[PDB]
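Engineer: Have a look at the structure that comes next, please.
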Amino acid sequence: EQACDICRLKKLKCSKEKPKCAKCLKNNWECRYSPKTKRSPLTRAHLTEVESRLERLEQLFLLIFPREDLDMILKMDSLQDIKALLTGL
Amino acid sequence: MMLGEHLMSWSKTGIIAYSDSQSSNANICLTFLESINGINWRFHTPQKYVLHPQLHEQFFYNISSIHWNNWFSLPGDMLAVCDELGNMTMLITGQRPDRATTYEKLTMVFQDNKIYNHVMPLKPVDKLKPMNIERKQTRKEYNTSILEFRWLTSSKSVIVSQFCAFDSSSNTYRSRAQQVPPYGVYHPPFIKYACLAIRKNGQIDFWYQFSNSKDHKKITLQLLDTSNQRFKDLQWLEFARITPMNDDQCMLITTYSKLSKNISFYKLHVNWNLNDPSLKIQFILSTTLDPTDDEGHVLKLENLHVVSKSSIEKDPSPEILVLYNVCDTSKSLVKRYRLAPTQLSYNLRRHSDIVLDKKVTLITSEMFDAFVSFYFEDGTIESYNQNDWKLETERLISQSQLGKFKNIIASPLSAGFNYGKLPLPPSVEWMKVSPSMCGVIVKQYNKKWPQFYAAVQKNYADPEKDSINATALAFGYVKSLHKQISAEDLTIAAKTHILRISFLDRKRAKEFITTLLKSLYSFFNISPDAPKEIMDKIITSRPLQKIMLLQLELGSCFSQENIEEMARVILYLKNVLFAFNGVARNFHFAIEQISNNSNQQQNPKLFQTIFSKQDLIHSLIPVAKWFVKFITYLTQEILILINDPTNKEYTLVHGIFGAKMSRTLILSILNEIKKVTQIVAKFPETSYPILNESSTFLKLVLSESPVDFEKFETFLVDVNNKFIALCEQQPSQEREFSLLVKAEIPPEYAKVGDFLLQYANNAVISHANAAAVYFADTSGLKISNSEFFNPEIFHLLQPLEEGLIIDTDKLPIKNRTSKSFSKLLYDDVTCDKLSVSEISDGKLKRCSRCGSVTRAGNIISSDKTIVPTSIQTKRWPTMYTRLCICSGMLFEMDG
DNA sequence: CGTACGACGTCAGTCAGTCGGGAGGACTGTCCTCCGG
Ligand SMILES: [Zn+2]
Ligand SMILES: [Zn+2]
């Protein structure tokens, strides 16, 4: 089943043979089969672990700071910004 | 009384800023080292300035300490001086509010009293009008009196070397360089800078500036964070030494309060993460000092110096060196303590006691060297290494020679170069060992100028020690380049020893240079016998601007010798390299700008863009004249050498062709010249025919040259191939050094020398005018040193016993200014004649190293432009505003 | 001097190649009902 890295990236049929394969072989490229990427399980128990801890950190957050701040953090991607937020106390 | 440990500071760029306490109109002075006549040296004219708290819009106060920001990897240009009142005045040099300036002109950033921003360029006192400022003496030690000032480094890493050892297997010295990760407290990039100061009352300060703003901020605390202000204002700290520790964001504030008679320890913590950094303090430990020794003699604490120790050493705990003197006895005891955590199954553990036979009057810690200097009463200095506290000047005698690594050398002081009889400390205002430990700076009460003392060696008549000495001085520069130090002190010391050698045997001194510079290549892992790929890296390398400068000074005394001439022509060819290939890349990008910006012709931005395109090529014409004038000189020597091959005074011609990268370098210059001409022919100027003169002149000067470039191109190409097959015929690596530095052919290769004479005649001269080239006027090339300095001073002025450095007062009356030192006739960067207007305007610069004079970095007059106009254009000479061609510093020439 | 022919340059059109939206579909795991223990 697994297509080689390059065929994946390019989205063309892979011959998939061993070691290399038609277009990496032909075209002159180093053909690889990368490991599947580890992702979190998409189960319902796990979505619920995570929604319900996020909820409880939100509940605790609100005893400490205003709701308007909740909404800012819940969007920040930068670690300086998450820290500065906290520094304006 | 304790000496002025921080009265003077040698900036990493060579500027010597020291406190002034005698002039009634100034409190600070600036100076630097410059070469008199290529052999001797003298300090520059003192640039006096006055510092008072009210520069922002009148009495001025004395200067307490001067701290250049040369710590770690900092640029070392921002000088912050703290006065006796406690005000911290920050001065930035090398920058102006509107433009860039040289390193001898100051500028303010902000003044502290509350802090406010006020940018203002300072002016010298002598040039300024007589002002109503009197020297008010603040003889009171205020609560805000700063005890110790410390700078904060950035996140950059520093790579230095620790030591070298003699590899007896290969009979050569080998050195290893270890990268030093930052330790202690470092400020993040988004903060422009930060600094810390401890005041005598215990109040701390933290100045910092945000990189995205101009406003400055200050945060202050107090050490004794008690609930009562009664004890807050009591901590009169006798000694407050701040030593950063490997703990993150921690500084060990080792203080000695005489109120409680204990050496109290503290810890300071800072959280960088745009919010202001938070400062925290935590008390740790306090101990009492020992009253007596083992035999029953009481002790007195003279000084408390703690060493700034990194994590490299075996035990990173800082050494608290509490000095004690046995009264009425010449002995002096230095007890050593270390701070360590208390372990279960903090505290101070005593390691050992060290006895010194003379009383100590000053202690100074070296930077990036790990050397404690004991300035005894009799003037002698015994620098003990931090690793083992073994005397550096006597380590060779007591070294265990047997072992894997033999003859461990860290500095030229290990060889035996000891300082002479220094002036007694009572007469001395302040001392400071030079950064390379080659000499000591002494400021005298009755001497209006700084003195200088170099190291001497008693056994100069023994020839067998030349092998060790050359290697020892070779490693001295290795540490200096890694720390970006000018190392002008080390250059003076090397020349004095060579001069004493040449007085007895001139032949011996020449070999000393060759062996000395050879070890530099081995230490830095650069090989002149390597394949051609590394050779390209060599040409662009900064060290050649300095290592070649070494023989430029170490070979100056040898008149009619080609050691300095060979280095200068290669060095000037590098300047020639920066001319064409420096603009060939710039001109290439201008081709693409034409096509993409052809859709808007009437815009007011294209017209200035079009004008600048054809103006740049005009300034290359004066450079090309010296380019042609240079190749004719070597061709002229070909005809002369054929008749008389036995003339040793004309051996420079051999080395020039022997250099391997020079043949390729000229070929590359000829390659881009062909490319530029082909591109200009392919893409000529069509909108304005009047602007085609510069483009047309470029074609004409090449065709009208007395010798065809194509014939000369094949000349150097054939030499490379013949010199490569000879390497395969017999393997040898000294010939690579000989063709590059010695500019000679070894006697074992005498047959090779005959080939150059015979083949050069029929190759290129057959296509040129023989009669014309011989009588051609190639004079004024500024190649020899004799035609750089004026003939009045181009000689030795004082005997070698009196030293090599000369005070200005001994110079002739007409030769006591920098204007009379050199020939101010020709330019050195653009290779253009200097008119009377450019001479008299005082906007030209002189190099303190090689004596060169250049008006680079300034707007050119309208008569030198393509068309006389008042439009100001920033020309390429702006690259050398602060750095000369030989990596020396450029300064405004005094009028 | 005027006309004609040739050569070069520029523009347009067509073809190929590549990034991309996403169809196809085996599969993972959900989330019902309700069996039978
Ligand atoms: Zn594939
Ligand atoms: Zn593949």
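Starting from 1 in every chain, residues are counted up; chains themselves are A, B, ... following the order of the structure tokens, and ligands are numbered from 1 as listed.
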Could you tell me, counting only C-alpha atoms (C1' of nucleotides) and all ligand atoms, which protein and nucleic acid residues lie no more than 6 Å from ligand 2, written as a list in words?

Structural biologist: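 Going residue by residue within 6 Å of ligand 2, we get residues 4, 6, 20, 21, 24, 31 and 32 of chain A.
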
Engineer: Do you have, as a Markdown table, the list of residues of chain A lying at most 10 Å from ligand 1, each with its nearest atom pair and that distance in Å to one decimal, counting only C-alpha atoms and all ligand atoms and ordered by chain then number?

Structural biologist:
| residue | atom | partner | partner_atom_place_in_ligand_line | distance |
| --- | --- | --- | --- | --- |
| A:2 | CA | ligand 1 | 1 (Zn) | 8.7 |
| A:3 | CA | ligand 1 | 1 (Zn) | 5.4 |
| A:4 | CA | ligand 1 | 1 (Zn) | 4.0 |
| A:5 | CA | ligand 1 | 1 (Zn) | 6.8 |
| A:6 | CA | ligand 1 | 1 (Zn) | 6.2 |
| A:7 | CA | ligand 1 | 1 (Zn) | 4.6 |
| A:8 | CA | ligand 1 | 1 (Zn) | 7.4 |
| A:9 | CA | ligand 1 | 1 (Zn) | 9.6 |
| A:10 | CA | ligand 1 | 1 (Zn) | 9.4 |
| A:11 | CA | ligand 1 | 1 (Zn) | 9.6 |
| A:12 | CA | ligand 1 | 1 (Zn) | 8.1 |
| A:13 | CA | ligand 1 | 1 (Zn) | 7.2 |
| A:14 | CA | ligand 1 | 1 (Zn) | 3.9 |
| A:15 | CA | ligand 1 | 1 (Zn) | 5.8 |
| A:16 | CA | ligand 1 | 1 (Zn) | 5.4 |
| A:17 | CA | ligand 1 | 1 (Zn) | 8.1 |
| A:20 | CA | ligand 1 | 1 (Zn) | 7.3 |
| A:21 | CA | ligand 1 | 1 (Zn) | 5.3 |
| A:22 | CA | ligand 1 | 1 (Zn) | 6.8 |
| A:23 | CA | ligand 1 | 1 (Zn) | 6.4 |
| A:24 | CA | ligand 1 | 1 (Zn) | 6.3 |
| A:25 | CA | ligand 1 | 1 (Zn) | 8.8 |
| A:29 | CA | ligand 1 | 1 (Zn) | 9.9 |
| A:30 | CA | ligand 1 | 1 (Zn) | 9.9 |
| A:31 | CA | ligand 1 | 1 (Zn) | 6.6 |
| A:32 | CA | ligand 1 | 1 (Zn) | 7.8 |
| A:33 | CA | ligand 1 | 1 (Zn) | 8.4 |

Engineer: Give me a file of those residues, with C-alpha atoms, as a PDB file, in the first residue's frame.

Structural biologist:
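That gives us out10.pdb:
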ATOM      1  CA  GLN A   2       2.553   2.706   1.065  1.00  0.00           C
ATOM      2  CA  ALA A   3       3.754   5.055  -1.598  1.00  0.00           C
ATOM      3  CA  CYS A   4       7.283   6.368  -1.608  1.00  0.00           C
ATOM      4  CA  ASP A   5       7.951   9.832  -0.163  1.00  0.00           C
ATOM      5  CA  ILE A   6       8.427  11.510  -3.491  1.00  0.00           C
ATOM      6  CA  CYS A   7       5.440   9.955  -5.296  1.00  0.00           C
ATOM      7  CA  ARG A   8       3.408  11.024  -2.188  1.00  0.00           C
ATOM      8  CA  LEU A   9       4.707  14.509  -2.458  1.00  0.00           C
ATOM      9  CA  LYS A  10       4.071  14.605  -6.134  1.00  0.00           C
ATOM     10  CA  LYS A  11       0.772  12.676  -6.179  1.00  0.00           C
ATOM     11  CA  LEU A  12       1.556  10.264  -9.029  1.00  0.00           C
ATOM     12  CA  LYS A  13       1.083   6.454  -8.976  1.00  0.00           C
ATOM     13  CA  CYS A  14       3.974   4.704  -7.247  1.00  0.00           C
ATOM     14  CA  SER A  15       5.247   1.268  -8.512  1.00  0.00           C
ATOM     15  CA  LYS A  16       6.059   0.563  -4.836  1.00  0.00           C
ATOM     16  CA  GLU A  17       8.579  -2.252  -5.558  1.00  0.00           C
ATOM     17  CA  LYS A  20      13.347   1.639  -5.107  1.00  0.00           C
ATOM     18  CA  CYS A  21      10.535   2.129  -7.656  1.00  0.00           C
ATOM     19  CA  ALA A  22      10.023   3.234 -11.317  1.00  0.00           C
ATOM     20  CA  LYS A  23      10.247   7.063 -11.145  1.00  0.00           C
ATOM     21  CA  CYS A  24      12.793   7.403  -8.277  1.00  0.00           C
ATOM     22  CA  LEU A  25      14.857   4.686 -10.128  1.00  0.00           C
ATOM     23  CA  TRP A  29      16.235   9.983  -7.092  1.00  0.00           C
ATOM     24  CA  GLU A  30      16.738   8.376  -3.592  1.00  0.00           C
ATOM     25  CA  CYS A  31      13.394   6.581  -3.024  1.00  0.00           C
ATOM     26  CA  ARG A  32      12.179   6.301   0.564  1.00  0.00           C
ATOM     27  CA  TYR A  33       9.359   4.767   2.569  1.00  0.00           C
TER      28      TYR A  33
END

Engineer: Considering only C-alpha atoms, give me a table of residues in chain B that are at most 12 Å from chain A, with the closest atom pair and distance in Å for each, as JSON lines.

Structural biologist:
{"residue": "B:190", "atom": "CA", "partner": "A:80", "partner_atom": "CA", "distance": 11.5}
{"residue": "B:271", "atom": "CA", "partner": "A:87", "partner_atom": "CA", "distance": 10.9}
{"residue": "B:272", "atom": "CA", "partner": "A:80", "partner_atom": "CA", "distance": 10.7}
{"residue": "B:273", "atom": "CA", "partner": "A:83", "partner_atom": "CA", "distance": 7.1}
{"residue": "B:274", "atom": "CA", "partner": "A:84", "partner_atom": "CA", "distance": 6.7}
{"residue": "B:275", "atom": "CA", "partner": "A:84", "partner_atom": "CA", "distance": 6.1}
{"residue": "B:276", "atom": "CA", "partner": "A:87", "partner_atom": "CA", "distance": 8.8}
{"residue": "B:277", "atom": "CA", "partner": "A:87", "partner_atom": "CA", "distance": 9.7}
{"residue": "B:278", "atom": "CA", "partner": "A:87", "partner_atom": "CA", "distance": 9.6}

Engineer: May I ask for the distance between atom CA of residue B:143 and atom CA of residue B:202, given in Å to one decimal place?

Structural biologist: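 Computing the Euclidean distance for atom CA of residue B:143 and atom CA of residue B:202 yields 7.9 Å.
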
Engineer: Do you know which residues are at most 7 Å from stretch 741-757 of chain B counting only C-alpha atoms (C1' of nucleotides), after dropping those on the same chain fewer than 3 positions away, and could you put them as an mmCIF file with N, CA and C atoms, in the first residue's frame?

Structural biologist:
data_model
loop_
_atom_site.group_PDB
_atom_site.id
_atom_site.type_symbol
_atom_site.label_atom_id
_atom_site.label_comp_id
_atom_site.auth_asym_id
_atom_site.auth_seq_id
_atom_site.Cartn_x
_atom_site.Cartn_y
_atom_site.Cartn_z
ATOM 1 N N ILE B 563 60.992 41.440 1.926
ATOM 2 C CA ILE B 563 60.075 40.747 2.826
ATOM 3 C C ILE B 563 58.801 41.562 3.016
ATOM 4 N N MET B 566 56.975 42.154 -0.584
ATOM 5 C CA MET B 566 56.163 41.034 -1.051
ATOM 6 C C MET B 566 54.804 41.002 -0.364
ATOM 7 N N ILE B 642 67.363 39.752 -16.770
ATOM 8 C CA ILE B 642 67.997 38.870 -17.749
ATOM 9 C C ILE B 642 69.481 39.187 -17.880
ATOM 10 N N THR B 651 65.281 40.358 -6.161
ATOM 11 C CA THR B 651 64.707 39.030 -5.997
ATOM 12 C C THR B 651 63.207 39.058 -5.730
ATOM 13 N N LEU B 652 62.606 40.245 -5.612
ATOM 14 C CA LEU B 652 61.169 40.336 -5.381
ATOM 15 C C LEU B 652 60.372 39.806 -6.567
ATOM 16 N N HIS B 654 60.781 37.200 -8.288
ATOM 17 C CA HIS B 654 60.570 35.757 -8.227
ATOM 18 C C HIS B 654 59.334 35.405 -7.409
ATOM 19 N N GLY B 655 59.167 36.040 -6.247
ATOM 20 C CA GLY B 655 58.059 35.689 -5.373
ATOM 21 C C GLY B 655 56.703 36.044 -5.948
ATOM 22 N N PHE B 737 55.679 27.963 0.811
ATOM 23 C CA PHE B 737 56.007 29.107 1.657
ATOM 24 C C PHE B 737 56.997 30.036 0.969
ATOM 25 N N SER B 738 57.977 29.468 0.260
ATOM 26 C CA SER B 738 59.011 30.284 -0.370
ATOM 27 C C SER B 738 58.430 31.178 -1.458
ATOM 28 N N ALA B 760 60.477 33.906 -19.836
ATOM 29 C CA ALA B 760 59.694 35.137 -19.806
ATOM 30 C C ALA B 760 60.027 36.058 -20.973
#

Engineer: Using only C-alpha atoms (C1' of nucleotides) and a distance of at most 8 Å, pull out the residues of chain A that contact chain C, as a list in words.

Structural biologist: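 Taking only C-alpha atoms (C1' of nucleotides) into account, residues 42, 43 and 44 of chain A sit within 8 Å of chain C.
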
Engineer: I need the residues from that last selection saved to file as a PDB file, in the first residue's frame (with N, CA, C and O atoms), if you can.

Structural biologist:
ATOM      1  N   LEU A  42      -8.187   9.228  17.382  1.00  0.00           N
ATOM      2  CA  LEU A  42      -9.369   9.926  17.202  1.00  0.00           C
ATOM      3  C   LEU A  42     -10.435   8.950  17.707  1.00  0.00           C
ATOM      4  O   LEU A  42     -11.065   8.239  16.888  1.00  0.00           O
ATOM      5  N   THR A  43     -10.541   8.811  19.011  1.00  0.00           N
ATOM      6  CA  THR A  43     -11.630   8.096  19.597  1.00  0.00           C
ATOM      7  C   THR A  43     -12.498   9.082  20.404  1.00  0.00           C
ATOM      8  O   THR A  43     -12.160  10.220  20.686  1.00  0.00           O
ATOM      9  N   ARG A  44     -13.574   8.604  20.912  1.00  0.00           N
ATOM     10  CA  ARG A  44     -14.427   9.466  21.493  1.00  0.00           C
ATOM     11  C   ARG A  44     -13.907   9.650  22.890  1.00  0.00           C
ATOM     12  O   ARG A  44     -14.087  10.789  23.481  1.00  0.00           O
TER      13      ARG A  44
END

Engineer: Check the DSSP output for the backbone and give back, as an NGL selection string, the residues of stretch 69-240 of chain B in helix (DSSP H, G or I).

Structural biologist: :B and (229-232)

Engineer: Would you mind exporting the chosen residues as a short mmCIF file (atom, residue, chain, number, x, y, z; two decimals), in the first residue's frame, restricted to C-alpha atoms?

Structural biologist:
data_model
loop_
_atom_site.label_atom_id
_atom_site.label_comp_id
_atom_site.auth_asym_id
_atom_site.auth_seq_id
_atom_site.Cartn_x
_atom_site.Cartn_y
_atom_site.Cartn_z
CA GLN B 229 14.75 51.64 56.28
CA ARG B 230 17.09 52.05 59.27
CA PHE B 231 19.14 49.08 58.04
CA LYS B 232 18.37 49.63 54.34
#
